[PDB]
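A lone chain, given as structure tokens: the form solved without the partner chain.
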């Protein structure tokens, strides 16, 4: 959904297209969709963290969840059951598997009765059934890359005060986690999110990253890592992350 049909294993949409998700087409308010996405993401993060899963596994589950709701509505598919299913699938793909049973017990421990009521009378079965729909929906395209690897690789190429750079990376890593609550992973490649979270940390701390480039350059510092990315794109990404800290966002893109 969002735009055409044929931009599905091109897994990227303009923010504009995000006004046309299945849920919005069915009448759901943009702010409510945004909240359901943040709630589902944080649920996958919390469940996965309780199960001790590696951060790349939590991120893969969240990317599957965001892609799922480009083709189906929150009206039909309760968000926490999708979250559980996406984490279950991601643990298999990333070779850190967990029993469905254990994901369910963990969900029960973190959700109140009304939230856990989404799982119905047979929670394990609801998740196992949904996995088939999930796999078809994400076109069995299971391998995903996240911004964290690129944040580390690019920061390693910065030459300057080790303590300012360390701080930049710690702040930027928090911003990558935060970005997983938004639809940013459906808008830009993970290399561009990594440069944007470094750009955001630099702006917040008044750090001149341009001064840490290993050789002097005419063009914008990030042009050594990604090609033809205008500053306006980095600023858009920044604003969408900072929205999470300004109240509780609920700005579902358009």
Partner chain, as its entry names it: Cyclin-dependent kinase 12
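Note that the rigid core is defined as the largest set of C-alphas that superpose within 1.5 Å between two forms. Positions refer to the first chain, counted from 1. Shifts are known only where both forms have a C-alpha.
There is also a form deposited with the partner chain bound; it is not shown, and the following applies to it.
Contact annotation: of the candidates 135, 111, 171, 165, the single residue with a non-hydrogen atom within 4.5 angstroms of the partner chain in the deposited bound form is 135.
Contact annotation for residue 141: at least one heavy atom lies within 4.5 Å of the partner chain in the deposited bound form.
Among residues of the shown chain, residue 153 is not one whose heavy atoms approach the partner chain to within 4.5 Å in the deposited bound form. Among residues of the shown chain, residue 99 is one whose heavy atoms approach the partner chain to within 4.5 Å in the deposited bound form. Mapping the unseen interface onto this chain, residue 148 falls outside it, with no heavy atom inside 4.5 Å of the partner chain in the deposited bound form.
Across the proposed site, 79, 117 and 184 without exception lack any heavy atom within 4.5 Å of the partner chain in the deposited bound form. Considering the partner chain in the deposited bound form, the lone stretch of 20-28, 7-15, 226-234, 240-248 in range is 7-15 [heavy atom distance within 4.5 Å].
The Cα position of residue 52 differs by less than 2 Å between this form and the one not shown after fitting on the rigid core.
In contrast to the form presented, in the deposited bound form the C-alpha positions of residue 229 and residue 249 spread farther apart by 3 Å or more. In the deposited bound form, the separation between the C-alpha atoms of residue 249 and residue 231 grows by 3 Å or more relative to the displayed form. Residues present in both forms were compared between this form and the one not shown after fitting on the core; consecutive runs of three or more with every C-alpha moved by 2 angstroms or more are 215-219, 248-254.
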